[PDB]
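K.L.:
File name start.pdb; file contents PDB, C-alpha atoms; full text below.
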```pdb
MODEL        1
ATOM      1  CA  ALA A   1      72.431  73.405 111.205  1.00  0.00           C
ATOM      2  CA  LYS A   2      71.632  75.826 108.400  1.00  0.00           C
ATOM      3  CA  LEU A   3      73.724  78.991 108.541  1.00  0.00           C
ATOM      4  CA  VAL A   4      71.974  82.297 107.825  1.00  0.00           C
ATOM      5  CA  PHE A   5      74.090  85.440 107.160  1.00  0.00           C
ATOM      6  CA  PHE A   6      73.245  89.090 108.043  1.00  0.00           C
ATOM      7  CA  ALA A   7      75.137  92.312 107.543  1.00  0.00           C
ATOM      8  CA  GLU A   8      74.667  94.554 110.550  1.00  0.00           C
ATOM      9  CA  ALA A   9      79.464  97.027 110.267  1.00  0.00           C
ATOM     10  CA  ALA A  10      79.796  93.289 110.909  1.00  0.00           C
ATOM     11  CA  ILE A  11      78.625  90.082 109.345  1.00  0.00           C
ATOM     12  CA  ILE A  12      76.670  87.802 111.671  1.00  0.00           C
ATOM     13  CA  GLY A  13      76.000  84.195 110.787  1.00  0.00           C
ATOM     14  CA  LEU A  14      73.247  82.686 112.882  1.00  0.00           C
ATOM     15  CA  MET A  15      72.210  79.050 112.950  1.00  0.00           C
ATOM     16  CA  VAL A  16      69.090  76.773 112.536  1.00  0.00           C
TER      17      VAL A  16
ATOM     18  CA  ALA B   1      88.087  96.358 104.138  1.00  0.00           C
ATOM     19  CA  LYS B   2      89.084  92.753 104.854  1.00  0.00           C
ATOM     20  CA  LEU B   3      86.644  90.536 106.753  1.00  0.00           C
ATOM     21  CA  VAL B   4      88.138  88.482 109.585  1.00  0.00           C
ATOM     22  CA  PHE B   5      85.901  85.620 110.769  1.00  0.00           C
ATOM     23  CA  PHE B   6      85.377  84.002 114.227  1.00  0.00           C
ATOM     24  CA  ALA B   7      82.965  81.343 115.427  1.00  0.00           C
ATOM     25  CA  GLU B   8      81.662  81.256 118.984  1.00  0.00           C
ATOM     26  CA  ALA B   9      77.070  79.242 117.638  1.00  0.00           C
ATOM     27  CA  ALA B  10      77.389  82.631 115.970  1.00  0.00           C
ATOM     28  CA  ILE B  11      79.750  83.369 113.152  1.00  0.00           C
ATOM     29  CA  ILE B  12      81.071  86.911 113.374  1.00  0.00           C
ATOM     30  CA  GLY B  13      82.863  88.653 110.536  1.00  0.00           C
ATOM     31  CA  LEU B  14      84.602  91.880 111.487  1.00  0.00           C
ATOM     32  CA  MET B  15      86.002  94.449 109.140  1.00  0.00           C
ATOM     33  CA  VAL B  16      89.712  95.445 108.945  1.00  0.00           C
TER      34      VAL B  16
ATOM     35  CA  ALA C   1      75.548  79.283  91.469  1.00  0.00           C
ATOM     36  CA  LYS C   2      74.114  80.138  94.891  1.00  0.00           C
ATOM     37  CA  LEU C   3      76.027  79.034  97.990  1.00  0.00           C
ATOM     38  CA  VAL C   4      73.946  77.393 100.719  1.00  0.00           C
ATOM     39  CA  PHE C   5      75.700  77.216 104.108  1.00  0.00           C
ATOM     40  CA  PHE C   6      75.557  74.636 106.967  1.00  0.00           C
ATOM     41  CA  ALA C   7      77.500  74.349 110.202  1.00  0.00           C
ATOM     42  CA  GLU C   8      78.258  71.003 111.812  1.00  0.00           C
ATOM     43  CA  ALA C   9      82.781  72.581 113.815  1.00  0.00           C
ATOM     44  CA  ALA C  10      83.037  72.808 110.040  1.00  0.00           C
ATOM     45  CA  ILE C  11      81.193  75.325 107.959  1.00  0.00           C
ATOM     46  CA  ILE C  12      80.201  73.860 104.611  1.00  0.00           C
ATOM     47  CA  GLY C  13      79.018  75.946 101.688  1.00  0.00           C
ATOM     48  CA  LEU C  14      77.479  73.979  98.841  1.00  0.00           C
ATOM     49  CA  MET C  15      76.690  75.254  95.403  1.00  0.00           C
ATOM     50  CA  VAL C  16      73.161  75.400  93.879  1.00  0.00           C
TER      51      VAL C  16
ATOM     52  CA  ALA D   1      70.132  93.164 105.951  1.00  0.00           C
ATOM     53  CA  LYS D   2      70.254  89.430 105.042  1.00  0.00           C
ATOM     54  CA  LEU D   3      73.258  88.357 102.967  1.00  0.00           C
ATOM     55  CA  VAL D   4      73.086  85.992  99.987  1.00  0.00           C
ATOM     56  CA  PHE D   5      76.234  84.348  98.531  1.00  0.00           C
ATOM     57  CA  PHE D   6      76.946  83.220  94.954  1.00  0.00           C
ATOM     58  CA  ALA D   7      79.958  81.528  93.404  1.00  0.00           C
ATOM     59  CA  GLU D   8      81.016  81.707  89.813  1.00  0.00           C
ATOM     60  CA  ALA D   9      86.635  82.074  90.525  1.00  0.00           C
ATOM     61  CA  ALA D  10      85.146  84.424  93.171  1.00  0.00           C
ATOM     62  CA  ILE D  11      82.385  84.494  95.760  1.00  0.00           C
ATOM     63  CA  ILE D  12      79.962  87.418  95.879  1.00  0.00           C
ATOM     64  CA  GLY D  13      77.730  88.246  98.831  1.00  0.00           C
ATOM     65  CA  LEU D  14      74.793  90.534  98.006  1.00  0.00           C
ATOM     66  CA  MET D  15      72.648  92.299 100.576  1.00  0.00           C
ATOM     67  CA  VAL D  16      68.899  92.005 100.868  1.00  0.00           C
TER      68      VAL D  16
ATOM     69  CA  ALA E   1      87.720  80.307 117.405  1.00  0.00           C
ATOM     70  CA  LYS E   2      89.148  81.846 114.249  1.00  0.00           C
ATOM     71  CA  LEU E   3      87.373  80.678 111.103  1.00  0.00           C
ATOM     72  CA  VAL E   4      89.520  79.868 108.064  1.00  0.00           C
ATOM     73  CA  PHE E   5      87.836  79.448 104.630  1.00  0.00           C
ATOM     74  CA  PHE E   6      88.893  77.127 101.746  1.00  0.00           C
ATOM     75  CA  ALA E   7      87.413  76.503  98.335  1.00  0.00           C
ATOM     76  CA  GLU E   8      87.656  72.828  97.486  1.00  0.00           C
ATOM     77  CA  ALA E   9      83.213  72.581  94.420  1.00  0.00           C
ATOM     78  CA  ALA E  10      82.431  73.491  98.033  1.00  0.00           C
ATOM     79  CA  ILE E  11      83.502  76.066 100.548  1.00  0.00           C
ATOM     80  CA  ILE E  12      84.868  74.644 103.794  1.00  0.00           C
ATOM     81  CA  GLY E  13      85.309  76.802 106.858  1.00  0.00           C
ATOM     82  CA  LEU E  14      87.569  75.212 109.428  1.00  0.00           C
ATOM     83  CA  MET E  15      88.229  76.475 112.930  1.00  0.00           C
ATOM     84  CA  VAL E  16      91.141  77.446 115.311  1.00  0.00           C
TER      85      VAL E  16
ATOM     86  CA  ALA F   1      92.656  77.142  97.683  1.00  0.00           C
ATOM     87  CA  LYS F   2      92.307  79.450 100.739  1.00  0.00           C
ATOM     88  CA  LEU F   3      89.547  82.059 100.503  1.00  0.00           C
ATOM     89  CA  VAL F   4      89.921  85.697 101.568  1.00  0.00           C
ATOM     90  CA  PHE F   5      86.875  87.976 102.066  1.00  0.00           C
ATOM     91  CA  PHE F   6      86.585  91.760 101.646  1.00  0.00           C
ATOM     92  CA  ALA F   7      83.681  94.133 102.172  1.00  0.00           C
ATOM     93  CA  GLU F   8      83.178  97.450 100.502  1.00  0.00           C
ATOM     94  CA  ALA F   9      77.577  97.197  99.617  1.00  0.00           C
ATOM     95  CA  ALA F  10      78.885  93.711  98.681  1.00  0.00           C
ATOM     96  CA  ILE F  11      81.235  91.048  99.993  1.00  0.00           C
ATOM     97  CA  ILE F  12      83.886  89.559  97.716  1.00  0.00           C
ATOM     98  CA  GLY F  13      85.734  86.318  98.395  1.00  0.00           C
ATOM     99  CA  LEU F  14      88.967  85.892  96.418  1.00  0.00           C
ATOM    100  CA  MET F  15      90.876  82.641  96.083  1.00  0.00           C
ATOM    101  CA  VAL F  16      94.496  82.128  97.008  1.00  0.00           C
TER     102      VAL F  16
ENDMDL
END
```
Represent the structure of the file as structure tokens.
P.N.:
Amino acid sequence: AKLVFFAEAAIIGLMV
Amino acid sequence: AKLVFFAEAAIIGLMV
Amino acid sequence: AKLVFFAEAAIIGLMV
Amino acid sequence: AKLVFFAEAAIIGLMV
Amino acid sequence: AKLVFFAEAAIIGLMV
Amino acid sequence: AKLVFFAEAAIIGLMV
């Protein structure tokens, strides 16, 4: 899957 | 701060 | 270069 | 925000 | 799991 | 080499 990163603090990597 | 990473999928980076 | 990430687990970041 | 990573060493993650 | 990152170029994140 | 990440914004990954 592709990994998409967000900064929300924490970093969240979510997948496709 | 340092980022500590975990995978559970979601990747989560938490700050120290 | 840009880093493109995938998860297969191993996370793999490839350079563009 | 979304996070974009670059490599040129050291990695840099920039927020969008 | 903990995620451990390596630069080998590519970035490889390996898990515990 | 191992990669360590820091956050202070922007993320920096430094090689060991």
K.L.:
Identify all residues satisfying the PyMOL selection byres ((chain B) within 10 of (chain C)) in the given file; provide them as a PyMOL selection string.
P.N.:
chain B and resi 7+9+11
K.L.:
Both chains have the same sequence, so match all Cα atoms in order, fit chain E onto chain A by least squares, and return it as a PDB file with C-alpha atoms, keeping the file's coordinate frame.
P.N.:
```pdb
ATOM      1  CA  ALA E   1      72.431  73.405 111.205  1.00  0.00           C
ATOM      2  CA  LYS E   2      71.632  75.827 108.400  1.00  0.00           C
ATOM      3  CA  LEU E   3      73.724  78.991 108.541  1.00  0.00           C
ATOM      4  CA  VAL E   4      71.974  82.296 107.825  1.00  0.00           C
ATOM      5  CA  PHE E   5      74.090  85.440 107.160  1.00  0.00           C
ATOM      6  CA  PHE E   6      73.245  89.090 108.043  1.00  0.00           C
ATOM      7  CA  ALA E   7      75.138  92.313 107.543  1.00  0.00           C
ATOM      8  CA  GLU E   8      74.667  94.554 110.550  1.00  0.00           C
ATOM      9  CA  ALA E   9      79.463  97.026 110.266  1.00  0.00           C
ATOM     10  CA  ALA E  10      79.796  93.289 110.909  1.00  0.00           C
ATOM     11  CA  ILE E  11      78.625  90.082 109.345  1.00  0.00           C
ATOM     12  CA  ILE E  12      76.671  87.802 111.671  1.00  0.00           C
ATOM     13  CA  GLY E  13      75.999  84.195 110.787  1.00  0.00           C
ATOM     14  CA  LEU E  14      73.247  82.686 112.882  1.00  0.00           C
ATOM     15  CA  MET E  15      72.210  79.051 112.950  1.00  0.00           C
ATOM     16  CA  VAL E  16      69.090  76.773 112.536  1.00  0.00           C
TER      17      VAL E  16
END
```
K.L.:
Give the centre and edge lengths of an axis-aligned box, in Å to one decimal, that holds all listed atoms of range 11-15 of chain B with 4 Å on each side, as lines of an AutoDock Vina configuration file.
P.N.:
```
center_x = 82.9
center_y = 88.9
center_z = 111.3
size_x = 14.3
size_y = 19.1
size_z = 12.2
```
